[PDB]
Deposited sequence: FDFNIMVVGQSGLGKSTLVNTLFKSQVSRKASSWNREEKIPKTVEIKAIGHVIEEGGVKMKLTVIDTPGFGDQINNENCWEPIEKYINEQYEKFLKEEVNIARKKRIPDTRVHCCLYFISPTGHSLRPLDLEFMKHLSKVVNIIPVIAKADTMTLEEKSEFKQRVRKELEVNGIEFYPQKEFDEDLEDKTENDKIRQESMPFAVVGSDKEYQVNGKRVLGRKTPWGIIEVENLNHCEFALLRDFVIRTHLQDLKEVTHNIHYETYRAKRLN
């Protein structure tokens, strides 16, 4: 039972922190280093082997042309691996799946229109993998700002024809419309540090004006994202990956 999630997005958006938050919500609090290479972190949780693929952020160069190619390369490498092991010569009953089933795309909360780089990046990934749009560091927005920006992001994904998951043509539609039009993009806060609020140990960030709680729906939507990818839509993510994306890959070969 393998499930593989990738995080991608501009450097400094809290991708690695959210990776740790995902695992920890499911005992030291050391500083998280800037990510230099693509690394697959796997832990066993019925029993599910959850692997999260951390990636070096992009967009930190003067010229960011073709910066998506390392990510595309990794994704295609897992397809090629699965393709080659499908021919189960070893006669194994179960075949290991390292294919990216889900890609969280981190969007910086600028309050303005989506950046051409992100639009191009998402356009590329959307045709090879399931992408889920996430607004990073949601604590940097007020309530009013966040509502406006979520609406703006939805509109701009729509006008640019970015087919993020759940792709409309794969539906349930009552639940999904709620997802595409209300739940997404998930505005998240990450932290693998714990604090005490009203007696409860909670994952959060401690500011001079208050404590931001990661799993508190009054503060952010990390809980909704986690539930979505780990519980309610996990099998569906795997199904679209195998039957649509991987088959698209297989045919292109």
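### Message
From the N-terminus onward, what segments of the deposited sequence lack any C-alpha atom in this model?
### Response
Absent from the structure are positions 27-34, 54-57, 184-187, 270-271.
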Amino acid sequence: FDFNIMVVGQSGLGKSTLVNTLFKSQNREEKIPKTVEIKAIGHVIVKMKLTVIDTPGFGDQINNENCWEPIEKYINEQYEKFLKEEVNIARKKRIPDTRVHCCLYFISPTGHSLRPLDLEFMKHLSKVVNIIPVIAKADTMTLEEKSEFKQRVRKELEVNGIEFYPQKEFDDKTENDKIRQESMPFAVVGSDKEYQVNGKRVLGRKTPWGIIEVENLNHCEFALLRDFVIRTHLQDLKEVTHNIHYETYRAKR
From here on, numbers count along this sequence of modelled residues.
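### Query
Going by the B-factors listed in the PDB entry, is the mean over the C-alpha atoms higher for 11-19 or for 232-240?
Result of the comparison: 232-240.
### Message
Which is higher on mean Cα B factor in this entry, 175-183 or 84-92?
### Response
Taking the mean B-factor of the alpha carbons in each, 84-92 is higher.
### Query
Which listed residue, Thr51, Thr35, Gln26, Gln196, has the largest C-alpha temperature factor in the record?
Largest recorded C-alpha B-factor: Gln26.
### Query
Per the PDB entry, which option out of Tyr105, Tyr74, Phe170, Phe121 has the greatest Cα B factor?
It is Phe170.
#### Entry: CA B-factor placement of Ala223, once the chain's modelled residues are sorted into thirds
Within its chain, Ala223 is a middle-third residue by C-alpha B-factor, going by the deposited values.
### Task
Determine, from the deposited record, the chain-internal third of the Cα B-factor for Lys206: lowest, middle or highest.
For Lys206, whose C-alpha B-factor we compare with every modelled residue in the chain, the answer is the middle third.
### Task
Please place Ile45 in the lowest, middle or highest third of its chain by C-alpha B factor as given in the entry.
For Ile45, whose C-alpha B-factor we compare with every modelled residue in the chain, the answer is the highest third.
#### Entry: Within-chain third of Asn63 by Cα B-factor, per the entry
Highest third.
### Task
Comparing against every modelled residue in the chain, figure out the third that the C-alpha B-factor of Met6 lands in (lowest, middle or highest).
Lowest third - that is where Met6 ends up once the chain's C-alpha B-factors are sorted.
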